[PDB]
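Below you'll find only one chain, the form deposited in one PDB entry, shown as structure tokens.
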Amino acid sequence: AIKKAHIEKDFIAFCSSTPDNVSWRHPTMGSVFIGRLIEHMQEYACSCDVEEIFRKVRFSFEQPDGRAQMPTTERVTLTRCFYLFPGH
């Protein structure tokens, strides 16, 4: 009756910036991290999975604008693809 499970599995953190560094948030338009996350979640939600989609948004920040920040994915323990089938 007593079996074992991993204590840590299936996670994924996504932050706004790398360590040591800052996150921007514009007064009338929210966090530039939030905006961009949302935008990408909409279009790629089931073209792609969450590892992919979180890659893409990282890509969209790459050549520094004036208010640069690189999103990072800490501590992913996803074992499988998280496809997010919007509408099922």
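Think of the rigid core as the biggest set of C-alphas that the two forms share within 1.5 Å after superposition. Shifts are known only where both forms have a C-alpha. Residue indices: 1-based, along the sequence shown.
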For the C-alpha atoms alone, is the average B factor greater in 4-12 or in 79-87, going by the entry? 79-87
Given the B-factors recorded for C-alpha atoms, which segment has the greater mean, 25-33 or 44-52? 25-33
Give the position of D20 by CA B-factor within its chain, expressed as the lowest, middle or highest third. lowest
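Although not depicted, the form deposited in another entry is the subject of the following passage.
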Against the rigid core, a Cα displacement of 2 Å or more between this form and the one not shown applies to just one of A13, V22, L78, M70. Which? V22
Specify closer or farther for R25 and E43: how their Cα atoms are spaced in that other deposited form versus the shown form, given a shift of 3 angstroms or more. farther
Quick one: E39 and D20 C-alpha atoms, closer or farther in that other deposited form compared with this form (3 angstroms or more)? closer
Mobile segments between this form and the one not shown [3+ consecutive residues, each C-alpha shifted 2 angstroms or more, core superposed]: 17-29
